[PDB]
Amino acid sequence: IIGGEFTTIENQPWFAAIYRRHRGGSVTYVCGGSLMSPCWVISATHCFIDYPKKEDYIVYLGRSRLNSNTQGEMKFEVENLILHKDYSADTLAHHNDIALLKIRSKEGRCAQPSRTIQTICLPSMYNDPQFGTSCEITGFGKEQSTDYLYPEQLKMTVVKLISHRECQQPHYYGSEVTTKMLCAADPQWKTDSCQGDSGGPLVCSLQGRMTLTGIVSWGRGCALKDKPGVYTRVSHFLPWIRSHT
Ligand SMILES: N=C(N)c1ccc2cc(C(=O)Nc3ccc(CN)cc3)ccc2c1
């Protein structure tokens, strides 16, 4: 997250930290995700497609720092990695960028809700918030595009949603951005998600209810003028999410 503020997991308790174990034992951070029911975390297929072996991943719920074992966290392995069957990647745009991770502890259990581990609600069919709405994103991604290290403490920021007709303007993304995708950004281009934030949540408060409106997917640079962050529009995928869970 470029700009924004430092935060801890009690303020974003549906956030999942997803890591991959390499041959030889080291473990590195991969992408974010969101808890939608005790056994199911949803994220982006691009974080996994080049390493599609479910045994390789470690998922933490309740975790606030990249290298510290936060009180109350829970650690899980992946029982089923489900990637969308018509996923694909153009130069900038990524399509059907959505994945499900069914999680289980070493004892065979799903997550146990607590003050620092909670689910986030799914949207309804045909009802996403109007353009101009403020929504929050969260992750452990880069604080500047020239960094190579990620921040030790979790960050968040707030951005505004952008219409399909503005996002398809020539100096923004043209016809590369589609109606299955949602754009959001700072009007002053100073804060955004960035590499390392992919898969993480775009949460919007809609008619009273905090709602998983989007999944971090792609963008040209980070916090670059006229180049929004682009997010998978979760309401379109409700028939795929219900049939695969
Ligand atoms: N401008 C943003 N909000 C934004 C949002 C998401 C972003 C994602 C990546 C990224 O590195 N993506 C990626 C895509 C596919 C693969 C698989 N080769 C690996 C990483 C990099 C920069 C990104 C920037």
Side-chain angles (χ1 to χ4, degrees), residues 1-5 15-20 22 28-34 42-53 56-57 66 81 83-84 86-99 101 133-151 154-163 166-169 171-174 176-178 180-204 212-234:
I1 303 266
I2 308 300
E5 65 187 69
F15 185 72
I18 303 174
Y19 294 78
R20 173 169 75 92
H22 289 82
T28 54
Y29 188 80
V30 179
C31 281
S34 296
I42 200 170
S43 184
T45 284
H46 83 244
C47 291
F48 310 110
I49 187 67
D50 293 348
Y51 296 100
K53 254 175 80 66
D56 285 352
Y57 300 93
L66 208 56
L81 173 71
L83 308 175
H84 194 113
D86 308 307
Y87 167 75
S88 76
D90 271 289
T91 314
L92 284 182
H94 288 250
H95 310 285
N96 293 310
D97 204 357
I98 186 169
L101 283 86
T133 294
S134 280
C135 307
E136 70 173 328
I137 50 189
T138 317
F140 280 109
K142 299 188 175 192
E143 293 200 76
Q144 300 290 167
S145 310
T146 57
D147 292 338
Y148 64 99
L149 300 168
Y150 289 8
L154 182 64
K155 298 182 72 180
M156 60 88 65
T157 200
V158 175
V159 288
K160 284 177 169 52
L161 298 182
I162 292 177
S163 75
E166 177 175 334
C167 210
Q168 285 214 136
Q169 294 303 308
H171 284 82
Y172 283 61
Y173 289 133
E176 291 174 62
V177 59
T178 75
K180 288 159 67 182
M181 311 173 189
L182 294 171
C183 299
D186 175 5
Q188 296 305 297
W189 312 105
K190 302 280 128 52
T191 188
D192 196 6
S193 48
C194 191
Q195 175 163 62
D197 293 314
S198 297
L202 173 66
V203 171
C204 308
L212 183 68
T213 293
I215 295 314
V216 181
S217 184
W218 65 271
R220 173 69 280 284
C222 302
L224 289 190
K225 173 184 187 182
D226 294 334
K227 297 304 160 169
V230 184
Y231 296 85
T232 303
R233 180 175 56 92
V234 176

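What you see below is based on every heavy atom in this structure, not just the backbone, and it leaves out hydrogens, waters and symmetry mates. For ligands, and for the atoms within them, numbers begin at 1 and follow the listed sequence. Position 1 is the first residue of the sequence, and the numbers go up from there.
Of all heavy-atom pairs between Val158 and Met156, the closest is CG2-CE, 4.1 Å.
Residue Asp197 does not touch ligand 1, judged by heavy-atom distances below 4.0 Å.
For atom 2 (C) of ligand 1, the nearest non-hydrogen atom of the protein is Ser193 O, 3.3 Å. Given atom 12 (N) of ligand 1, the protein heavy atom at minimum distance is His46 NE2, 3.5 Å.
Shown here is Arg220, whose CZ atom has no more than 12 heavy atoms of other residues, nucleotides or ligands within 6.0 Å.
We find the CG-NZ distance between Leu81 and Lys53 to be 11.5 Å, quoted to the nearest 0.5 Å. Separating the NE2 atom in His46 from the OH atom in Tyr87 is a distance of 6.5 Å, to the nearest 0.5 Å.
Legend: salt bridge (charged side-chain N to carboxylate O under 4.0 Å, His left out) pairs involving residues 137-149, not counting sequence neighbours, sorted by first then second residue: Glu143-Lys155.
Formation of a donor-acceptor pair under 3.5 Å by the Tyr231 side chain with backbone atoms of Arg233 is not found in this model. Between the side chain of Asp97 and the main chain of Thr45, a donor-acceptor pair closer than 3.5 Å is present.
Remark: ligand 1 and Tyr231 share no N or O pair separated by less than 3.5 Å (distance only, no angle test). The distance criterion of under 3.5 Å between nitrogen or oxygen atoms is not met by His94 with respect to ligand 1. Every N/O-N/O distance between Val230 and ligand 1 stays at or above 3.5 Å. Between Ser198 and ligand 1, a contact under 3.5 Å exists for no N or O pair.
Heavy-atom proximity to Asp192, at under 4.0 Å, picks out these atoms of ligand 1: 1 (N), 2 (C), 3 (N). Atoms of ligand 1 found under 4.0 Å from any heavy atom of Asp50 (numbered from 1 in listed order, with element): 17 (C), 18 (N). Each of the atoms 1 (N), 24 (C) of ligand 1 lies under 4.0 Å from some heavy atom of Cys222.
For the residue pair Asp90/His95, the side-chain donor-acceptor check at 3.5 Å is satisfied.
Taking all heavy atoms of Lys142, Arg220, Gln195 into account, the minimum distance to atom 11 (O) of ligand 1 is reached by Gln195. One option in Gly221, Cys31, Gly229 has a heavy atom closer to atom 1 (N) of ligand 1 than any other, and that option is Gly221.
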